[PDB]
Structures are given as C-alpha cells and as structure tokens.
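Numbering (the deposited numbering), first residue to last: 42 to 600.
Here's the structure we're looking at; comments come further down.
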Amino acid sequence: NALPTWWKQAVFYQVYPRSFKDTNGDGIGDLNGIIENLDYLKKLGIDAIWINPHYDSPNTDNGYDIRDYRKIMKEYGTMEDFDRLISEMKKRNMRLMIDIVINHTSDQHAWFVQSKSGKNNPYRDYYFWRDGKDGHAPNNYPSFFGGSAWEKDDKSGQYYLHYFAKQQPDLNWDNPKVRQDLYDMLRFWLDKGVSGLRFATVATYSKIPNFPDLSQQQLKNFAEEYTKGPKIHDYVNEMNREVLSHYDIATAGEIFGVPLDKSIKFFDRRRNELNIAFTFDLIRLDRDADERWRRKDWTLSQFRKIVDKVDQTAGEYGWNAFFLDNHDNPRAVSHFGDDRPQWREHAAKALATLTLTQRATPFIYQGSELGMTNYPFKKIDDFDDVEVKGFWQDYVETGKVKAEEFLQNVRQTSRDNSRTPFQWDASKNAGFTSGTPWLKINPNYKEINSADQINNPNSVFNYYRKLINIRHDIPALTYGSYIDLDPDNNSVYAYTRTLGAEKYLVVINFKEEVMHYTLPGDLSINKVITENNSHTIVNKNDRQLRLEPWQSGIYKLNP
Ligand SMILES: OC[C@H]1O[C@H](O)[C@H](O)[C@@H](O)[C@@H]1O
Ligand SMILES: [Ca+2]
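Right, here's the structure in full:
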C-alpha cells in the first residue's frame, strides 16, 4: 500500500494558548493572541494547529479541568473569538485540532455538582462513588497528581475517583448515558468545522471491574494498570462508529500509560479507532517509572532503538505522531540537545532535522522553532504546575527525598519548562504581554526571540522553514521506510528514508567534536539536500562525511 492523507503529510504546530500571546495585558495568552499571529505560523510553513484546552475551567490543571465543555475559557476570550480563529485559519488554509478531555471533568462541572448532591441524584453514576474500606479509601489507588486517587465526600460518606487532581473527578464511561452526552458534546465542536481532535489520556476511560487493590509491584508502575480497562477498545470504537467516522477529521490518541506492544490497537486503521499515535516511549526514555519526576542518564543508542521500535510498531496499518517536547515535557534543545550558547542553535537545527524526517506526522511545539530552552527554576515556589506540587507533597514533605535533590531533578523534568511565555521579541517581557506574565519569562529572551530570527536566513526559525519546505517536496521524507544504519552507535545518528528507488540519508553528529563517518555497503551521495554546520564540501559519489560537532544534514543517495 502507502495510503496518503492530509494528516499524514501535515506539519502540525502546537499552541499552548496560556503562554502564546497576551493581547489584553492580564499576563495570560488568549485567542486573539493566536489570531494575531497566524501569519507568523503561515510564514513558518505550518499546515495545522493543535490548541491545548480552550474551555471554561477553574484552571487547577490549566484547562484540563473543564467546568463547561460548551463555553470558552474566560481568560482566552469569547465564543466569537473562537469562531473567528476557525475562520481566519480557514482563510489561510490551516486546519484546527482541539483537545478533547473526557476522562474527567472539573469538580465544578454541573454534572459533578449534581452527582455529589446525593446518592439518589440522576447524575450520581456519571462518576465513580465507592464506600471506604476499614475507615480508609476504597483501595490503595494513587493519584498522578499527589496522594490517593480517592477523595472522601462528607455529605454522602462515599469516596469519588480521581486519577488526576482532586478537582478532576473521573467520568463513568461504563454508563451509556455519559458516553452519549460526551458524543453530543463532540458534535457541537465538530459542527463548527474543527478538523482534528486530540484525545487526552485516551487510554484510561475504562475502569477496572470491582476496583481491586494494586500489588506492591503495581504501585510503582500504576499508570499501566489504569490502561488495562477491559472495555477501552469497545468505547473508543463505539465513539468512532457513532461520532468520529461521521466527520472528516484527524484524531490523535494520547496513550499515556500504554506499553508500546499495546498501542497498535488504538491506531490500526482496520480497527476504526483513532488515526495518530502520541506515545511516551521516546520523550520520557530517561524518566523513572516509579518516581516519575526523576530523570536518569540516557545514550544515543538507547534513543535510536526507541525511534526504531516506535516506527516498527506503527508498521503498515498504524501511524505515529513524532515530537521531542510539548507542554508536558522539558524543551527539546535542553533535554535532547545541548543548550549552551556555543551549541544551542546547531543542536536545535539538528533536532529539527531529525523531527522533520520521520515516518510520522511531526508536531512542532511553540517556541521550539526558535530554539527556546528550559527555564532556570530555583526554588519550589518558582513552579506553578499542580503536578510538581503533588510530587513535592508525596516525596519531599514526607521526608522521602531531600528538597534539593528533588529540585535538581524537577528543574530538568518539570512541565513548566515548556510553559514559560513564547519569546516574540527583545522588548520588555519578550513582547508577550503589556502587563505581568502569569509565569516568568526566560531572561534568555534577549538572545532567543522570533524578531531576531524571522528575517535572518541563518536562524533556527528559517532552518525549520527550509526543512518543512523540503519535507513537502520529497515524498520519501514522509512515507518512505526507515532503516537505522547502526542502532548501537552512540555518536553519529544515521538513517535512511526510502520509497522505491528514491533513497535519502539523514546524518546527525551528537558529539561536540569532529566525527568522521564512512557510509556502509555501497551507499554514496548523489546530492546534498541541506546541512547545518558543515565545513567540508560534499561531492558526487562521496562515501564519507567529516561531521563538524552538532552537524546535521539530509542527502540523496545514488540508486
Ligand atoms: O488532565 C490530565 C493531563 O492530561 C492531558 O492529556 C495533558 O496533556 C496534561 O497536560 C494534563 O495534565
Ligand atoms: Ca490575555
């Protein structure tokens, strides 16, 4: 086969509206700020935008705790703004993907308000209410965001389930009336001409019959137990049959907690579930499975073996998204590259090259196109994220981990690293806001901003632009098959992308010294498609490359 679609060949950009552009001085990005910057995105070469949740929310989890699914978040604007965003993107031939958060609602959602009003309320079993055991929680389930996954309610004396914050009660998908209400809600958004849906933690919808305790072992890897719900594929396939297949959309599945060998069932096109896999294997390759804020050393051989495994898993019938950072992870150049002033731009370009030459839909997270870095967090109160406060409570306040060792890690791992405001220019607060930004701007905005880069042909921005253009022009870079030349090489990452006789080579030097790299077999260069940081010229039929430190390139190979 090889079944091309607009979503397989799109280059997506992810906008985290809270941090993109504030147009009214309250310190918080808003819909008008996205609208006002569409020409900037269009100039980058972006096809499609995925926005993080835009709905009415008290913001315990920055939009992921939704109090009304049919209303715009007060901080982002009005319904008129949203409809104008859709319409201005349509004018520019850009498609919008929205974030669908239906594993749970805010505890202020009308459904929960009613549900918690008493056992006899019609909405009682829109959520999960269970009696305690021996004066304790129903079972030993922990929450991703701190403490127990069960919260006691005084009125009724029962506990309600929350995998995420106390303010995110989990919806009861086993109740057909819940599923039918959530479908009605999707059609409301789909009817406005939205072109994609990203399903937040899509794999936790089905809860485990009778809530048994997790074993000591399971407590150290509990996400995977929450994804074992026996009806998860029935529910996703049902939502496909009753809603998704009735519209013309691309659907992404965020499979948090799903082992890779179980991912294909969500994305195999024959199964009629979802289109695009968001996996965690690569982006958190170096994260501890138990203490999930903690990181460890990783090597290039480990990284490339994951890329290849994730590629093979999707195989012929599935499809991958490919991203190196987003609003839940550290910035790619700091995490996967070298963010020191001598290497930052070279590494950012190398990782852009890697990103834009995967057999996957690439997602470019806001500010990565400038080479934005992690933020120098000092003290615990410099962080905002509910998640980091939950880890601090579980691990530091219980005395299990010294505060300083915890900070050493979360400085490198915290989601807030991606959430500092987008650095537009060199002006006060990087031009993000006229007032006080909700989260401090990185002081490196003076060196790293869009205004310094958009007209500089050597910039990280224009290198991304050139790579998008190249990807659009060379079908092997989207659909071609992927072969790693040496999964055990810890210095030079080299792989081929092949469609029939059209064969391309991507080479990235991960070392900060010169690497000579002789090609294997009979491979030789036909053309240089692009390089960054090269010094030696590549001629026809070369079988060797002298790679500068952090050099990256794409080459066409002779047939
Ligand atoms: O709401 C729970 C979580 O699920 C989502 O899919 C988001 O990516 C993450 O930011 C959020 O905290
Ligand atoms: Ca604002």
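Every residue gets a Cβ at the ideal spot worked out from N, C-alpha and C, and that includes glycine.
On a CA-only basis, which of the options is nearest residue i? Give me that one, please.
| i | options | result |
| --- | --- | --- |
| residue 168 | 411, 124, 257 and 204 | 204 |
| residue 215 | 73, 462, 231 and 271 | 271 |
| residue 397 | 446, 520, 305 and 351 | 520 |
| residue 554 | 532, 569, 539 and 545 | 532 |
| residue 247 | 293, 52 and 273 | 273 |
| residue 135 | 48, 149, 312 and 437 | 48 |
| residue 130 | 210, 52 and 235 | 235 |
| residue 96 | 230, 197 and 180 | 230 |
| residue 237 | 540, 287, 500 and 109 | 287 |
| residue 493 | 412, 526, 426 and 477 | 412 |
| residue 599 | 557, 571, 370 and 545 | 545 |
| residue 193 | 178, 324 and 326 | 178 |
| residue 524 | 514, 426 and 540 | 540 |
| residue 233 | 348, 290 and 486 | 290 |
How is the alpha helix (DSSP H) around residue i delimited, first residue to last?
| i | result |
| --- | --- |
| residue 458 | 457–460 |
| residue 594 | Premise fails: residue 594 lies in the beta strand (DSSP E), 593–598, not in any alpha helix (DSSP H). |
| residue 452 | 444–454 |
| residue 202 | Looking at the DSSP string, residue 202 is not in any alpha helix (DSSP H); the run it does join, the beta strand (DSSP E), is 200–202. |
| residue 47 | 47–50 |
Excluding sequence positions up to five away, which residues of its chain have a Cβ less than 7 Å from the Cβ of residue i?
| i | result |
| --- | --- |
| residue 574 | 387, 589, 591 and 592 |
| residue 94 | 104, 105, 107, 140 and 142 |
| residue 223 | 143 |
| residue 296 | 243, 244, 304, 307, 318, 319 and 320 |
| residue 165 | 156 |
| residue 152 | 146, 164 and 167 |
| residue 472 | 465 and 466 |
| residue 372 | 366, 409, 413, 414, 415, 458 and 459 |
| residue 190 | 182, 183, 184, 202, 203 and 204 |
Using C-beta distances below 8 Å, list every residue in its chain close to residue i, excluding the 5 sequence neighbours before and after it, in chain order.
| i | result |
| --- | --- |
| residue 71 | 58, 62, 63, 64, 65, 116, 117, 118 and 122 |
| residue 342 | 528, 529, 530 and 531 |
| residue 359 | 304, 305, 308, 309, 310 and 318 |
| residue 407 | 54, 55, 56, 57, 60, 61 and 463 |
| residue 510 | 86 |
| residue 501 | 386, 389, 390, 393, 410, 411, 412 and 494 |
| residue 490 | 411, 464, 465, 466, 467, 471 and 472 |
Using C-beta distances below 6 Å, list every residue in its chain close to residue i, excluding the 5 sequence neighbours before and after it, in chain order.
| i | result |
| --- | --- |
| residue 429 | 451 and 455 |
| residue 120 | 113 |
| residue 477 | 68 |
| residue 518 | 398, 512 and 538 |
| residue 264 | 298 |
| residue 479 | 68 and 69 |
Between which two residues does the beta strand (DSSP E) carrying residue i extend?
| i | result |
| --- | --- |
| residue 226 | Taken as a continuous stretch (DSSP letters only), residue 226 belongs to no beta strand (DSSP E), being part of the alpha helix (DSSP H) at 217–231. |
| residue 238 | 237–240 |
| residue 145 | No beta strand (DSSP E) holds residue 145; DSSP gives it neither H nor E. |
| residue 277 | Counting along the chain, residue 277 falls outside any beta strand (DSSP E), though it belongs to the alpha helix (DSSP H) covering 273–283. |
| residue 260 | Where residue 260 is concerned, there is no enclosing beta strand (DSSP E), although the alpha helix (DSSP H) it sits in stretches over 257–260. |
| residue 53 | 53–56 |
| residue 191 | 191–193 |
- What are the complete alpha helix (DSSP H) segments, minimum 4 residues, inside the region 289–354? 305–308
- Task: Note down, one range per segment and in chain order, each beta strand (DSSP E) of at least 3 residues found wholly within the region 58–132.
- Result: 89–92 and 109–113
- Item | Closer than 5 Å to ligand 2: residues, by C-beta to nearest heavy atom, in chain order | 63, 65, 67, 69 and 71
- Query: Which parts of the region 388–433 are runs of the beta strand (DSSP E), unbroken and 3 residues or longer, counting only runs that do not cross its ends?
  - Reply: 402–406
- Which runs of the beta strand (DSSP E), 3 residues or longer, sit entirely within the region 459–544? 522–525 and 533–540
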